[PDB]
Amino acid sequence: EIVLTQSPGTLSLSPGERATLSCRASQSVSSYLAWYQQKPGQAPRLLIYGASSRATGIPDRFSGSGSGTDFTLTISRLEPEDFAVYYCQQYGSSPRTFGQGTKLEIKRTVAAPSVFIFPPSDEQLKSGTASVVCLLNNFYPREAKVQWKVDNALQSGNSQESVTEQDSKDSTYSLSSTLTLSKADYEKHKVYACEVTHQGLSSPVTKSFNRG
């Protein structure tokens, strides 16, 4: 098989700049390479074929180049929603193979997160399970740190995190940290706090609630 390596793995650019994606092959393919764009929640969309030619409906900003082993995908005039995952596919020799992908994100202004915490519902407690959810909403950049403190004791091993993709308009992120523990263990403590460290926060922000 032919293995295709895309470099860089990801990059963060601003609207109006220029992004340069690269694809490198284990053997020669003689310009028999194609590029695709996959926005989240949607199918891949063909961008260029034959390493140079745009497909139907592709804007002029997208360009392809390179031949043989090394290729370059050069998108210019980056629109706010031009950012998705881009793959390179070779068809010179069977089996046809893709690359691991190259993520592409928009760099906007730094935004502090809005932190909200939610105690487990009384309905959920009757099931015998307590879930505490901490919400980080409308923040940039994505990099953030969430710590769970229960009665001023750092809690580890029972929290999971989930981040949405970049917003359609605000280009911001959102993160949810959920603390799961038994109903018995839930009432063995009083104060449930969520501490967040972020770029937009000069000092860490803590949101807490008592039990009742």
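Start at 1 with the first residue shown and count on from there.
Of the two stretches examined, 89-97 and 106-114, the record assigns the greater average C-alpha temperature factor to 106-114.
Legend: mean Cα B-factor per stretch from the PDB entry, 117-125 versus 130-138; the higher mean is in 117-125.
Highest C-alpha temperature factor among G50, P59, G157, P44, as the PDB entry reports it: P59. Comparing C-alpha B-factors across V191, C194, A25, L21 in the deposited entry, the largest value falls on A25. When the modelled residues of the chain are ordered by their C-alpha B factor, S7 lands in the highest third. When the CA B factors of the chain's modelled residues are split into thirds, the value for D70 lands in the middle one. Per the deposited record, the Cα B-factor of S176 falls in the middle third when ranked against the other modelled residues of its chain. Placement of the Cα temperature factor of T164 within the chain: middle third of the modelled residues, per the deposited record. Among all modelled residues in its chain, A184 ranks in the middle third by Cα B-factor.
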